[PDB]
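Q: Handing over target.csv, CSV, C-alpha atoms.
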chain,number,residue,atom,x,y,z
A,57,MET,CA,8.7,-1.7,-17.3
A,58,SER,CA,6.0,-3.6,-15.4
A,59,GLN,CA,6.9,-7.3,-14.9
A,60,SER,CA,5.3,-8.4,-11.7
A,61,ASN,CA,3.5,-5.6,-9.8
A,62,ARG,CA,2.2,-8.3,-7.5
A,63,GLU,CA,5.7,-8.9,-6.2
A,64,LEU,CA,5.7,-5.3,-5.2
A,65,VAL,CA,2.4,-5.7,-3.4
A,66,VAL,CA,3.6,-8.8,-1.6
A,67,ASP,CA,6.9,-7.2,-0.7
A,68,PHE,CA,5.7,-3.9,0.8
A,69,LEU,CA,2.9,-5.7,2.6
A,70,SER,CA,5.3,-8.4,3.9
A,71,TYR,CA,7.9,-5.7,4.9
A,72,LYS,CA,5.5,-3.5,6.8
A,73,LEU,CA,3.9,-6.4,8.5
A,74,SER,CA,7.4,-7.7,9.3
A,75,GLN,CA,8.1,-4.4,11.0
A,76,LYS,CA,4.9,-4.7,13.2
A,77,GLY,CA,5.9,-8.3,14.1
A,78,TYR,CA,3.9,-10.3,11.5
A,79,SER,CA,5.0,-12.8,8.9
A,80,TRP,CA,3.7,-12.6,5.3
A,81,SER,CA,4.3,-16.2,4.2
A,82,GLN,CA,2.9,-17.2,7.6
A,83,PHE,CA,-0.6,-16.5,6.2
A,84,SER,CA,-0.2,-15.0,2.7
A,85,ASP,CA,0.6,-17.8,0.3
A,86,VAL,CA,1.9,-15.0,-2.0
A,87,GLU,CA,-0.2,-16.8,-4.6
A,88,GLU,CA,3.0,-18.6,-5.6
A,89,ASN,CA,5.9,-18.9,-3.2
A,90,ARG,CA,7.9,-16.5,-1.1
A,91,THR,CA,11.1,-15.7,-3.0
A,92,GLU,CA,11.6,-12.1,-3.9
A,93,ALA,CA,14.6,-11.2,-6.1
A,94,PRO,CA,17.9,-11.2,-4.3
A,95,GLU,CA,19.6,-8.0,-5.5
A,96,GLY,CA,20.3,-6.1,-8.7
A,97,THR,CA,16.9,-6.8,-10.0
A,98,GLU,CA,14.7,-4.1,-11.7
A,99,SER,CA,11.6,-5.1,-9.8
A,100,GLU,CA,13.8,-5.4,-6.8
A,101,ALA,CA,14.7,-1.7,-6.9
A,102,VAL,CA,11.0,-0.9,-7.3
A,103,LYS,CA,10.1,-2.5,-4.0
A,104,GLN,CA,13.1,-0.7,-2.5
A,105,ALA,CA,11.5,2.7,-3.4
A,106,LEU,CA,8.1,1.6,-2.2
A,107,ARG,CA,9.6,0.5,1.1
A,108,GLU,CA,11.5,3.8,1.4
A,109,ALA,CA,8.5,5.8,0.2
A,110,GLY,CA,6.0,4.0,2.4
A,111,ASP,CA,8.4,4.4,5.4
A,112,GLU,CA,8.5,8.2,4.9
A,113,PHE,CA,4.8,8.3,4.1
A,114,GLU,CA,3.6,6.4,7.1
A,115,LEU,CA,6.1,8.3,9.2
A,116,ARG,CA,4.7,11.7,8.4
A,117,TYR,CA,1.2,10.3,8.9
A,118,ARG,CA,2.4,8.6,12.1
A,119,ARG,CA,4.0,11.8,13.3
A,120,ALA,CA,1.0,14.0,12.4
A,121,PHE,CA,-2.2,11.8,12.3
A,122,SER,CA,-0.7,9.0,14.4
A,123,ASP,CA,-0.4,5.4,13.1
A,124,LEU,CA,-3.0,3.8,10.9
A,125,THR,CA,-3.6,0.4,12.5
A,126,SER,CA,-4.7,2.3,15.6
A,127,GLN,CA,-7.5,4.1,13.9
A,128,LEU,CA,-9.2,2.2,11.2
A,129,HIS,CA,-11.7,-0.6,11.8
A,130,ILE,CA,-12.0,-3.7,9.6
A,131,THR,CA,-14.0,-6.9,10.1
A,132,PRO,CA,-14.6,-10.3,8.4
A,133,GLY,CA,-17.4,-8.6,6.4
A,134,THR,CA,-16.2,-5.0,5.9
A,135,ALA,CA,-12.5,-5.4,5.0
A,136,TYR,CA,-13.0,-5.3,1.3
A,137,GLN,CA,-15.2,-2.3,1.8
A,138,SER,CA,-13.0,-0.5,4.2
A,139,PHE,CA,-10.2,-0.8,1.7
A,140,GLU,CA,-12.2,0.0,-1.4
A,141,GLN,CA,-13.7,2.9,0.5
A,142,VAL,CA,-10.4,4.5,1.4
A,143,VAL,CA,-8.8,3.6,-1.9
A,144,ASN,CA,-11.8,4.9,-3.8
A,145,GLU,CA,-12.0,8.3,-2.1
A,146,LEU,CA,-8.2,8.5,-2.2
A,147,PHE,CA,-7.9,7.9,-5.9
A,148,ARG,CA,-11.3,9.6,-6.5
A,149,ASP,CA,-9.8,13.1,-6.5
A,150,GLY,CA,-7.3,11.7,-8.9
A,151,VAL,CA,-4.7,9.0,-9.0
A,152,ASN,CA,-1.0,9.8,-8.3
A,153,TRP,CA,2.2,8.7,-6.6
A,154,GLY,CA,1.1,10.3,-3.3
A,155,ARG,CA,-2.2,8.4,-3.7
A,156,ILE,CA,-0.3,5.2,-4.5
A,157,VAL,CA,2.1,5.7,-1.6
A,158,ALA,CA,-0.9,5.7,0.6
A,159,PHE,CA,-2.6,2.9,-1.3
A,160,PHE,CA,0.3,0.7,-0.4
A,161,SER,CA,0.5,2.2,3.1
A,162,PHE,CA,-3.1,1.4,3.8
A,163,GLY,CA,-2.8,-2.1,2.4
A,164,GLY,CA,-0.1,-3.1,4.7
A,165,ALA,CA,-1.8,-1.2,7.6
A,166,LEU,CA,-5.1,-3.0,7.1
A,167,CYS,CA,-3.3,-6.4,7.1
A,168,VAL,CA,-1.6,-5.6,10.4
A,169,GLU,CA,-5.0,-4.4,11.8
A,170,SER,CA,-6.7,-7.5,10.5
A,171,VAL,CA,-4.1,-9.8,12.0
A,172,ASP,CA,-4.1,-7.9,15.3
A,173,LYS,CA,-7.9,-8.2,15.4
A,174,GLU,CA,-8.6,-11.8,14.2
A,175,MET,CA,-8.3,-12.0,10.5
A,176,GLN,CA,-4.8,-13.1,9.5
A,177,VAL,CA,-6.3,-14.4,6.3
A,178,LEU,CA,-7.4,-10.9,5.4
A,179,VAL,CA,-3.7,-10.2,4.8
A,180,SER,CA,-3.8,-12.2,1.6
A,181,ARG,CA,-7.3,-11.0,0.9
A,182,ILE,CA,-6.2,-7.4,0.9
A,183,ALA,CA,-3.1,-8.5,-0.9
A,184,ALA,CA,-5.4,-9.4,-3.8
A,185,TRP,CA,-7.5,-6.2,-3.5
A,186,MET,CA,-4.4,-4.0,-3.4
A,187,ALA,CA,-2.5,-5.8,-6.2
A,188,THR,CA,-5.6,-6.0,-8.3
A,189,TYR,CA,-6.3,-2.3,-7.9
A,190,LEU,CA,-2.6,-1.6,-8.5
A,191,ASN,CA,-2.5,-3.6,-11.8
A,192,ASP,CA,-6.1,-2.9,-12.9
A,193,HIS,CA,-7.0,0.5,-11.3
A,194,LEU,CA,-3.8,2.6,-11.0
A,195,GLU,CA,-1.3,0.5,-13.1
A,196,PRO,CA,-2.2,2.6,-16.2
A,197,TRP,CA,-1.4,5.7,-14.3
A,198,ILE,CA,1.9,4.2,-13.4
A,199,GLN,CA,3.2,3.7,-16.9
A,200,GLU,CA,1.4,7.0,-17.7
A,201,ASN,CA,3.6,9.3,-15.7
A,202,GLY,CA,6.8,7.3,-16.2
A,203,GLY,CA,6.0,4.2,-14.2
A,204,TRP,CA,7.9,2.5,-11.3
A,205,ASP,CA,11.0,4.1,-12.9
A,206,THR,CA,9.8,7.6,-12.0
A,207,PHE,CA,8.5,6.6,-8.5
A,208,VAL,CA,12.0,5.2,-8.1
A,209,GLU,CA,13.5,8.3,-9.5
A,210,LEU,CA,11.7,10.6,-7.1
A,211,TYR,CA,12.1,8.4,-4.0
A,212,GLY,CA,15.3,6.6,-5.1
B,21,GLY,CA,-18.7,5.0,8.9
B,22,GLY,CA,-16.5,7.8,10.1
B,23,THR,CA,-13.2,5.9,10.0
B,24,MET,CA,-12.4,5.1,6.4
B,25,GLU,CA,-13.4,8.5,5.0
B,26,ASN,CA,-11.2,10.3,7.6
B,27,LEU,CA,-8.4,7.9,6.9
B,28,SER,CA,-8.4,8.5,3.2
B,29,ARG,CA,-8.3,12.2,3.8
B,30,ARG,CA,-5.1,11.8,5.9
B,31,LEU,CA,-3.5,9.6,3.2
B,32,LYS,CA,-4.5,12.1,0.6
B,33,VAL,CA,-2.7,15.1,2.1
B,34,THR,CA,0.4,12.9,2.8
B,35,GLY,CA,0.3,12.1,-0.9
B,36,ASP,CA,0.4,15.8,-2.0
B,37,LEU,CA,3.5,16.2,0.2
B,38,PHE,CA,4.9,13.0,-1.1
B,39,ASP,CA,3.9,12.9,-4.8
B,40,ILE,CA,5.9,14.9,-7.3
B,41,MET,CA,6.1,14.1,-11.0
B,42,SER,CA,9.7,13.3,-11.9
B,43,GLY,CA,12.9,14.6,-10.2
Have the structure of the file written as structure tokens, please.
A:
Amino acid sequence: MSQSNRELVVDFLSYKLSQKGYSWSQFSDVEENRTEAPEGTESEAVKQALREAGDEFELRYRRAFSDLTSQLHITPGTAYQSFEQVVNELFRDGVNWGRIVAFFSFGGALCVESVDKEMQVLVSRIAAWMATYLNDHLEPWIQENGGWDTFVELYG
Amino acid sequence: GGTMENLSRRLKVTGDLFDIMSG
């Protein structure tokens, strides 16, 4: 239960960005070293659910309210605000998986939008804003309603 | 100004549809 939530942040963000055509380690640093558990790892399964959840989450949004990268608007001086703003109002009404699925969806989306614009570095910046919020802002909620085991139980 | 707020709203609804508690 909770070992390295950051790995989950780096993974999802790296995966989504990898689907758009961007490389995480290319400009992420992952605050350590791109490795990620091979297979059969607890945390590994966690990312698997986040990837499956984010995929279905972004899909519904993409099918209904179109993609995200082609809507938002982040800059070198409003990225941390754009994120905090969407994550704030999103978790303002009350934290929850659905809010976390979007939290991760927005994180990876912003990175792609920042890289597409001219702020590849923002990928790692958001990486710290997302992870930090995940571990410090919603982490408690995670273990509260079951944790990554539940999220994995619902999506996995 | 009218980008992030609207964005969050869209993510919010998607959450309700993809939230659930357990099982």
Q: With all atoms listed in the file counted and 9 Å as the cut-off, give the residues of chain A in contact with chain B, each with its shortest interatomic distance in Å and the pair that gives it, as a Markdown table.
A:
| residue | atom | partner | partner_atom | distance |
| --- | --- | --- | --- | --- |
| A:109 | CA | B:38 | CA | 8.2 |
| A:112 | CA | B:38 | CA | 8.5 |
| A:113 | CA | B:34 | CA | 6.5 |
| A:114 | CA | B:34 | CA | 8.4 |
| A:116 | CA | B:34 | CA | 7.2 |
| A:117 | CA | B:34 | CA | 6.7 |
| A:121 | CA | B:30 | CA | 7.0 |
| A:124 | CA | B:27 | CA | 7.9 |
| A:127 | CA | B:23 | CA | 7.1 |
| A:128 | CA | B:23 | CA | 5.6 |
| A:129 | CA | B:23 | CA | 6.9 |
| A:138 | CA | B:24 | CA | 6.0 |
| A:139 | CA | B:24 | CA | 7.9 |
| A:141 | CA | B:24 | CA | 6.4 |
| A:142 | CA | B:28 | CA | 4.8 |
| A:143 | CA | B:28 | CA | 7.1 |
| A:144 | CA | B:28 | CA | 8.6 |
| A:145 | CA | B:28 | CA | 6.4 |
| A:146 | CA | B:28 | CA | 5.4 |
| A:147 | CA | B:32 | CA | 8.5 |
| A:149 | CA | B:32 | CA | 8.9 |
| A:152 | CA | B:39 | CA | 6.8 |
| A:153 | CA | B:39 | CA | 4.9 |
| A:154 | CA | B:35 | CA | 3.1 |
| A:155 | CA | B:35 | CA | 5.3 |
| A:156 | CA | B:35 | CA | 7.8 |
| A:157 | CA | B:35 | CA | 6.7 |
| A:158 | CA | B:31 | CA | 5.4 |
| A:159 | CA | B:31 | CA | 8.1 |
| A:161 | CA | B:31 | CA | 8.4 |
| A:162 | CA | B:31 | CA | 8.2 |
| A:201 | CA | B:41 | CA | 7.2 |
| A:202 | CA | B:42 | CA | 7.9 |
| A:206 | CA | B:42 | CA | 5.7 |
| A:207 | CA | B:42 | CA | 7.6 |
| A:209 | CA | B:43 | CA | 6.4 |
| A:210 | CA | B:43 | CA | 5.2 |
| A:211 | CA | B:43 | CA | 8.8 |
Q: So how many Å separate CA of residue 167 (chain A) and CA of residue 182 (chain A), to one decimal?
A: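 Separating CA of residue 167 (chain A) from CA of residue 182 (chain A) is a distance of 6.9 Å.
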Q: Hey, what's within 10 Å of residue 190 (chain A) if we count all atoms listed in the file and toss same-chain stuff fewer than 5 positions away? As a PDB file with C-alpha atoms, in the coordinates of the input, please?
A:
ATOM      1  CA  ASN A  61       3.500  -5.600  -9.800  1.00  0.00           C
ATOM      2  CA  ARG A  62       2.200  -8.300  -7.500  1.00  0.00           C
ATOM      3  CA  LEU A  64       5.700  -5.300  -5.200  1.00  0.00           C
ATOM      4  CA  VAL A  65       2.400  -5.700  -3.400  1.00  0.00           C
ATOM      5  CA  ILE A 156      -0.300   5.200  -4.500  1.00  0.00           C
ATOM      6  CA  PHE A 159      -2.600   2.900  -1.300  1.00  0.00           C
ATOM      7  CA  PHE A 160       0.300   0.700  -0.400  1.00  0.00           C
ATOM      8  CA  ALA A 184      -5.400  -9.400  -3.800  1.00  0.00           C
ATOM      9  CA  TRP A 185      -7.500  -6.200  -3.500  1.00  0.00           C
ATOM     10  CA  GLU A 195      -1.300   0.500 -13.100  1.00  0.00           C
ATOM     11  CA  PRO A 196      -2.200   2.600 -16.200  1.00  0.00           C
ATOM     12  CA  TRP A 197      -1.400   5.700 -14.300  1.00  0.00           C
ATOM     13  CA  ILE A 198       1.900   4.200 -13.400  1.00  0.00           C
TER      14      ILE A 198
END
Q: Would you list the contacts of residue 68 (chain A) as a list in words, taking every protein, DNA or RNA residue within 8 Å and counting all atoms listed in the file, but skipping same-chain residues closer than 6 positions in sequence?
A: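 Once the nearby chain positions are removed, what remains is residues 103, 106, 107, 160 and 164 of chain A.
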Q: Determine the nearest neighbour of residue 170 (chain A) from the options A:134, A:82, A:75, A:191, counting all atoms listed in the file.
A: A:134
Q: State, in Å with one decimal place, the distance from CA of residue 169 (chain A) to CA of residue 130 (chain A).
A: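 Taking CA of residue 169 (chain A) as the start and CA of residue 130 (chain A) as the end point, the length is 7.4 Å.
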Q: Please indicate the distance in Å from CA of residue 79 (chain A) to CA of residue 203 (chain A), rounded to one decimal place.
A: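 Atom-to-atom, CA of residue 79 (chain A) to CA of residue 203 (chain A), that is 28.7 Å.
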Q: Measuring between only C-alpha atoms, which one of A:118, A:90, A:173, A:148 shows the shortest distance to residue 193 (chain A)?
A: A:148
Q: Given 6 Å of margin on each side, can you work out the centre and size in Å (one decimal) of an axis-aligned box holding every listed atom of region 24-34 of chain B, as AutoDock Vina command-line options?
A:
--center_x -6.5 --center_y 10.1 --center_z 4.1 --size_x 25.8 --size_y 22.0 --size_z 19.0
Q: I need region 105-142 of chain A from the structure I supplied, saved as a PDB file, in the first residue's frame with N, CA and C atoms retained.
A:
ATOM      1  N   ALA A 105      -3.613   0.080 -14.133  1.00  0.00           N
ATOM      2  CA  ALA A 105      -4.989   0.522 -13.946  1.00  0.00           C
ATOM      3  C   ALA A 105      -5.123   1.998 -14.295  1.00  0.00           C
ATOM      4  N   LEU A 106      -4.088   2.771 -13.976  1.00  0.00           N
ATOM      5  CA  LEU A 106      -4.088   4.195 -14.272  1.00  0.00           C
ATOM      6  C   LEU A 106      -4.042   4.412 -15.777  1.00  0.00           C
ATOM      7  N   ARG A 107      -3.323   3.533 -16.469  1.00  0.00           N
ATOM      8  CA  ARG A 107      -3.204   3.611 -17.918  1.00  0.00           C
ATOM      9  C   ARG A 107      -4.517   3.201 -18.576  1.00  0.00           C
ATOM     10  N   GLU A 108      -5.145   2.168 -18.025  1.00  0.00           N
ATOM     11  CA  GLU A 108      -6.413   1.676 -18.548  1.00  0.00           C
ATOM     12  C   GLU A 108      -7.539   2.655 -18.220  1.00  0.00           C
ATOM     13  N   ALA A 109      -7.467   3.245 -17.032  1.00  0.00           N
ATOM     14  CA  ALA A 109      -8.467   4.207 -16.592  1.00  0.00           C
ATOM     15  C   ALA A 109      -8.335   5.509 -17.369  1.00  0.00           C
ATOM     16  N   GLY A 110      -7.113   6.031 -17.431  1.00  0.00           N
ATOM     17  CA  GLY A 110      -6.873   7.263 -18.157  1.00  0.00           C
ATOM     18  C   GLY A 110      -7.249   7.138 -19.619  1.00  0.00           C
ATOM     19  N   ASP A 111      -7.032   5.951 -20.180  1.00  0.00           N
ATOM     20  CA  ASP A 111      -7.363   5.697 -21.575  1.00  0.00           C
ATOM     21  C   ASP A 111      -8.868   5.805 -21.789  1.00  0.00           C
ATOM     22  N   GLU A 112      -9.633   5.155 -20.919  1.00  0.00           N
ATOM     23  CA  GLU A 112     -11.087   5.188 -21.008  1.00  0.00           C
ATOM     24  C   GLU A 112     -11.616   6.566 -20.618  1.00  0.00           C
ATOM     25  N   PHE A 113     -10.919   7.219 -19.694  1.00  0.00           N
ATOM     26  CA  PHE A 113     -11.307   8.546 -19.229  1.00  0.00           C
ATOM     27  C   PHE A 113     -11.131   9.579 -20.336  1.00  0.00           C
ATOM     28  N   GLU A 114      -9.922   9.645 -20.877  1.00  0.00           N
ATOM     29  CA  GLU A 114      -9.609  10.589 -21.944  1.00  0.00           C
ATOM     30  C   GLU A 114     -10.416  10.283 -23.200  1.00  0.00           C
ATOM     31  N   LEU A 115     -10.769   9.014 -23.385  1.00  0.00           N
ATOM     32  CA  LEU A 115     -11.545   8.606 -24.551  1.00  0.00           C
ATOM     33  C   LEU A 115     -12.939   9.217 -24.507  1.00  0.00           C
ATOM     34  N   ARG A 116     -13.628   9.039 -23.382  1.00  0.00           N
ATOM     35  CA  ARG A 116     -14.968   9.589 -23.218  1.00  0.00           C
ATOM     36  C   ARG A 116     -14.937  11.102 -23.409  1.00  0.00           C
ATOM     37  N   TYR A 117     -13.932  11.735 -22.812  1.00  0.00           N
ATOM     38  CA  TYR A 117     -13.754  13.176 -22.923  1.00  0.00           C
ATOM     39  C   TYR A 117     -13.417  13.550 -24.364  1.00  0.00           C
ATOM     40  N   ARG A 118     -12.585  12.725 -24.995  1.00  0.00           N
ATOM     41  CA  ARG A 118     -12.171  12.945 -26.375  1.00  0.00           C
ATOM     42  C   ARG A 118     -13.335  12.742 -27.342  1.00  0.00           C
ATOM     43  N   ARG A 119     -14.230  11.823 -26.998  1.00  0.00           N
ATOM     44  CA  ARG A 119     -15.383  11.528 -27.837  1.00  0.00           C
ATOM     45  C   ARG A 119     -16.510  12.532 -27.606  1.00  0.00           C
ATOM     46  N   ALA A 120     -16.570  13.086 -26.400  1.00  0.00           N
ATOM     47  CA  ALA A 120     -17.610  14.048 -26.055  1.00  0.00           C
ATOM     48  C   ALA A 120     -17.109  15.487 -26.152  1.00  0.00           C
ATOM     49  N   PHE A 121     -16.146  15.837 -25.304  1.00  0.00           N
ATOM     50  CA  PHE A 121     -15.601  17.192 -25.289  1.00  0.00           C
ATOM     51  C   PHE A 121     -14.254  17.270 -26.001  1.00  0.00           C
ATOM     52  N   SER A 122     -14.065  16.425 -27.008  1.00  0.00           N
ATOM     53  CA  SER A 122     -12.821  16.408 -27.775  1.00  0.00           C
ATOM     54  C   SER A 122     -11.603  16.278 -26.867  1.00  0.00           C
ATOM     55  N   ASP A 123     -10.429  16.164 -27.483  1.00  0.00           N
ATOM     56  CA  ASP A 123      -9.177  16.021 -26.741  1.00  0.00           C
ATOM     57  C   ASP A 123      -9.004  17.141 -25.721  1.00  0.00           C
ATOM     58  N   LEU A 124      -7.866  17.131 -25.033  1.00  0.00           N
ATOM     59  CA  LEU A 124      -7.570  18.138 -24.022  1.00  0.00           C
ATOM     60  C   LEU A 124      -6.452  19.065 -24.485  1.00  0.00           C
ATOM     61  N   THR A 125      -5.417  18.484 -25.082  1.00  0.00           N
ATOM     62  CA  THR A 125      -4.280  19.259 -25.570  1.00  0.00           C
ATOM     63  C   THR A 125      -4.736  20.343 -26.541  1.00  0.00           C
ATOM     64  N   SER A 126      -5.815  20.068 -27.266  1.00  0.00           N
ATOM     65  CA  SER A 126      -6.351  21.023 -28.230  1.00  0.00           C
ATOM     66  C   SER A 126      -7.507  21.817 -27.624  1.00  0.00           C
ATOM     67  N   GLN A 127      -7.252  22.443 -26.480  1.00  0.00           N
ATOM     68  CA  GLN A 127      -8.270  23.235 -25.799  1.00  0.00           C
ATOM     69  C   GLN A 127      -7.644  24.132 -24.735  1.00  0.00           C
ATOM     70  N   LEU A 128      -6.865  23.527 -23.843  1.00  0.00           N
ATOM     71  CA  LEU A 128      -6.208  24.270 -22.772  1.00  0.00           C
ATOM     72  C   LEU A 128      -5.279  25.338 -23.339  1.00  0.00           C
ATOM     73  N   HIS A 129      -4.510  25.970 -22.456  1.00  0.00           N
ATOM     74  CA  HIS A 129      -3.575  27.013 -22.865  1.00  0.00           C
ATOM     75  C   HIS A 129      -2.583  27.323 -21.748  1.00  0.00           C
ATOM     76  N   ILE A 130      -1.438  26.649 -21.779  1.00  0.00           N
ATOM     77  CA  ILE A 130      -0.400  26.854 -20.774  1.00  0.00           C
ATOM     78  C   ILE A 130       0.782  27.614 -21.346  1.00  0.00           C
ATOM     79  N   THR A 131       1.470  28.350 -20.488  1.00  0.00           N
ATOM     80  CA  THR A 131       2.637  29.114 -20.899  1.00  0.00           C
ATOM     81  C   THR A 131       3.752  28.971 -19.868  1.00  0.00           C
ATOM     82  N   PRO A 132       4.943  29.513 -20.160  1.00  0.00           N
ATOM     83  CA  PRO A 132       6.090  29.432 -19.250  1.00  0.00           C
ATOM     84  C   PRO A 132       5.837  30.128 -17.913  1.00  0.00           C
ATOM     85  N   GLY A 133       4.743  30.884 -17.822  1.00  0.00           N
ATOM     86  CA  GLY A 133       4.441  31.587 -16.587  1.00  0.00           C
ATOM     87  C   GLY A 133       3.027  31.350 -16.082  1.00  0.00           C
ATOM     88  N   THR A 134       2.324  30.374 -16.652  1.00  0.00           N
ATOM     89  CA  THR A 134       0.960  30.084 -16.221  1.00  0.00           C
ATOM     90  C   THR A 134       0.671  28.583 -16.236  1.00  0.00           C
ATOM     91  N   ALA A 135       1.719  27.772 -16.347  1.00  0.00           N
ATOM     92  CA  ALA A 135       1.562  26.323 -16.362  1.00  0.00           C
ATOM     93  C   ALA A 135       1.176  25.804 -14.980  1.00  0.00           C
ATOM     94  N   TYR A 136       1.926  26.226 -13.966  1.00  0.00           N
ATOM     95  CA  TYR A 136       1.666  25.816 -12.589  1.00  0.00           C
ATOM     96  C   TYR A 136       0.301  26.305 -12.123  1.00  0.00           C
ATOM     97  N   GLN A 137      -0.166  27.395 -12.717  1.00  0.00           N
ATOM     98  CA  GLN A 137      -1.460  27.961 -12.362  1.00  0.00           C
ATOM     99  C   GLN A 137      -2.577  27.236 -13.092  1.00  0.00           C
ATOM    100  N   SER A 138      -2.366  26.979 -14.376  1.00  0.00           N
ATOM    101  CA  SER A 138      -3.357  26.282 -15.181  1.00  0.00           C
ATOM    102  C   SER A 138      -3.653  24.914 -14.579  1.00  0.00           C
ATOM    103  N   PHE A 139      -2.605  24.255 -14.096  1.00  0.00           N
ATOM    104  CA  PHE A 139      -2.743  22.942 -13.482  1.00  0.00           C
ATOM    105  C   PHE A 139      -3.445  23.057 -12.134  1.00  0.00           C
ATOM    106  N   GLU A 140      -2.916  23.920 -11.279  1.00  0.00           N
ATOM    107  CA  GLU A 140      -3.483  24.132  -9.956  1.00  0.00           C
ATOM    108  C   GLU A 140      -4.942  24.565 -10.057  1.00  0.00           C
ATOM    109  N   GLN A 141      -5.236  25.344 -11.086  1.00  0.00           N
ATOM    110  CA  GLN A 141      -6.576  25.854 -11.316  1.00  0.00           C
ATOM    111  C   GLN A 141      -7.566  24.751 -11.670  1.00  0.00           C
ATOM    112  N   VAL A 142      -7.174  23.868 -12.575  1.00  0.00           N
ATOM    113  CA  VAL A 142      -8.045  22.779 -12.989  1.00  0.00           C
ATOM    114  C   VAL A 142      -8.098  21.704 -11.920  1.00  0.00           C
TER     115      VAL A 142
END
